[PDB]
Each structure stands twice: as structure tokens, then as C-alpha cells.
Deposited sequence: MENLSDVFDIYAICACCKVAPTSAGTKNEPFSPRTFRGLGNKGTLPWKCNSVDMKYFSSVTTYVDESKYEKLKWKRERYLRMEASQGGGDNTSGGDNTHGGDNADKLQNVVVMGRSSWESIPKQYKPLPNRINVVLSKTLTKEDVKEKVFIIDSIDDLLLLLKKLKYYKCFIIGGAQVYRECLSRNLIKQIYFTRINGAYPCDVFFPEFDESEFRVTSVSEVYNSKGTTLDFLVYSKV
């Protein structure tokens, strides 16, 4: 069976173009993947993009009650053989720490932070602290939710793609070049097909679009 399908594990990210460097061995002016920039110095490479922000918020928050029973059954079945509704959002520690206190935990979604060092003692926000992907799966198996969104960062995307635990990738392309030090991990793209390509959008002069890739 495909766990990414049974537990509806999707990834959502936004990547921009990478700003060249005149020094160092990391300049890739000819990179085969134009949009691969994820972060810089612990924060996003670009300045507040309200357009992607709204998009991100809608995707990760939207739930359809009518479609849940079907998911409930699909899961009850898998679990059988193995033996307010909200989506889950999963993020690495650095990502969680990069979010300003006032915006955490992300409202209307069940928050999960992956970390082997954070403790419930110092993390007062309502969030599940998970020690590993393995434990993440243990959590989803005993949790009522709609879809599970992996929202970052690079390390977390890598682990999930590497384990073939991603069913869909919601990929925002930011058409701007900014300095970057964290990039989207490479994986076998032949395993996916683009299933949604939005019209172009504009943020203060910078264009961007939204793509969705679904596993074959």
C-alpha cells in the first residue's frame, strides 16, 4: 500500500530563483532547476509576498466535510488490514522558530513540529512535538484530520520525498532572484506529473504561479 495516499501527505513550498555569487564554489548560473531557492539565513529569501501567503493559508486551511467519510473509510480499511475537521501542518524546528510568535500556532490547522530537542515545557503553543517521521505516521494513524501538509523545511522535504511519502506537491514559483542558502532537495521527478498549472499572478511587480504535481 501507498502510505502517502492513505494518509494524504502533501508537500507545499515556494521557491524563487537563486542570486549568483562572485565568490565561492556554490554559484550555479546554469542550474537545471531554476526555481530551487527555499530560504536564506533562517528566513524566506524574499520579502513578504502576500499573494503566496494568502494562497498558502487557503490550501493548508481548507477542509471539505463531505469528502471526509471517504478518507475515513480508506484509513479504517488500511488500519484494519494492517491489524471541527482540520488539516495537519508539519514543519521542522527551524521553520517553527522562524515564525513570529504572534502567528503561531497556525490557526485552524493541527500543528506538528518535528524535533528531537524541543520539549512541551518550553513550547507553550498548542502543537504536537514529533521525534521522527516514524512517529509522525504513528500520530496520523490515531488522529482525525482531512489532509496532512508538510510545510518545510528542506530537511523535512528531503526525508519525506526520500521515503516516497509525498502524494502531491504544491509548488509556488516566485519569479525573482534572491540570495539563498537553503534549496529544495532533488528527487526522482519521473515519479510525478503536473496536474494543475495556474494563471500567472503578480506581487508588487514580481510574478508567480502555482503548480501542483501528483505522484504517478
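Comparing the deposited sequence with the modelled residues, the stretches lacking C-alpha coordinates are 1, 85 to 105.
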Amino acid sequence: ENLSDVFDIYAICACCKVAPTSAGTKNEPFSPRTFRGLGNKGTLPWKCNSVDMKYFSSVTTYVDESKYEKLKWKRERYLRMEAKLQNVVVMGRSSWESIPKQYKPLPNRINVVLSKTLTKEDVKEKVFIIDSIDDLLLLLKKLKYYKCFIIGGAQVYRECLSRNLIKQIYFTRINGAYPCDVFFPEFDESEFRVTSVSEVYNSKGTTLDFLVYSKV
From here on, numbers count along this sequence of modelled residues.
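Annotation for 87 to 95 versus 118 to 126: the higher mean temperature factor (C-alpha) is found in 118 to 126. For the pair 142 to 150 and 67 to 75, the mean Cα B-factor is higher in 67 to 75.
Residues shown: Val156, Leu38, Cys48, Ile169. Highest C-alpha temperature factor in the entry: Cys48. Going by the entry's values, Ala19 shows the largest Cα B-factor out of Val197, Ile12, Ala19, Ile9. Ranked against the other modelled residues of its chain, the C-alpha B-factor of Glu28 as given in the entry falls in the middle third.
Among the modelled residues of its chain, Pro105 has a C-alpha B-factor that falls in the middle third, as given in the PDB entry. In this PDB entry, the Cα temperature factor of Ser214 sits in the bottom third of its chain's modelled residues, the lowest group.
The entry lists a Cα temperature factor for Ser162 that places it in the highest third of the chain's modelled residues.
Annotation for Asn175: C-alpha temperature factor in the middle third relative to the rest of the modelled chain, per the entry.
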